[PDB]
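We begin with a single chain expressed as C-alpha cells, specifically the form deposited in one PDB entry.
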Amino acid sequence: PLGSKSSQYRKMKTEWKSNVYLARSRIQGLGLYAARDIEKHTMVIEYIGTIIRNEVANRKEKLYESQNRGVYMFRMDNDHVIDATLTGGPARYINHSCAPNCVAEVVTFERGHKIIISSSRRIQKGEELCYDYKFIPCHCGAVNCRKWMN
C-alpha cells in the first residue's frame, strides 16, 4: 500500500527547490544544503537521472573513470541503475556521511520506481544534507567517523 507516499511525492516535486541549494562541501567538492528548516520524515528531493542496465553501468563507470568523473550512480533495483553523471537532478551532489541527516528510499509507484531522499531528523537551515551511500577514505568530518566509505 502506498499510504501517503503519493501525496508526499507530488508535494515534494513542486517545492524541492525551496528545500535545497548548491554550495561547496565541507566534506568534498560540491554538496547540497538545507535552504530552510526541514522537519523529520520529510521528502526532500528525488534522485533523478537516466535509467540504464547493469552492463551499461559497468561500461559507463570505466568511461566515467579515466576522466576522473566520480560516482553519480544510484542503484534503483537489481537490474537497473540511475545514472546522473551527464544528466539528472541536484540530488547527485548530496554527500556521504557516517552521521547522516537524510535517508535514501525506494518508492514503488505503478509508473515506476522512484529514489526519494527524506530527512531522518529535523534539519536546520545551512546544514549540509547527507545520507549513507551503503557502498575509499571518508571525510564527512563527523564525530566518531568510520574513516572509510566501505
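The first residue of the shown sequence is 1; numbering continues from there. We call the rigid core the largest set of C-alpha positions that still match within 1.5 Å between the two forms.
Going from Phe135 to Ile136, you skip over 4 to 9 residues of the deposited sequence that the entry leaves unmodelled.
Set 4 to 12 against 139 to 147 and average the Cα temperature factors; 139 to 147 ends up higher.
Between the stretches 104 to 112 and 61 to 69, it is 61 to 69 that shows the larger average CA temperature factor. For the set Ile82, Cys98, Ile45, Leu32, the maximum C-alpha B-factor listed in the entry falls on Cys98.
Of the candidates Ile52, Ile27, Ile94, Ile117, the deposited coordinates give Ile27 the top C-alpha B factor.
In the PDB entry, a CA B factor belonging to the lowest third of its chain's modelled residues is recorded for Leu129.
Although it is not shown, the form deposited in another entry is what the next lines describe.
Once both forms are overlaid on the rigid core, the distance between the two CA positions of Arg111 between the shown form and the other one is 2 angstroms or more.
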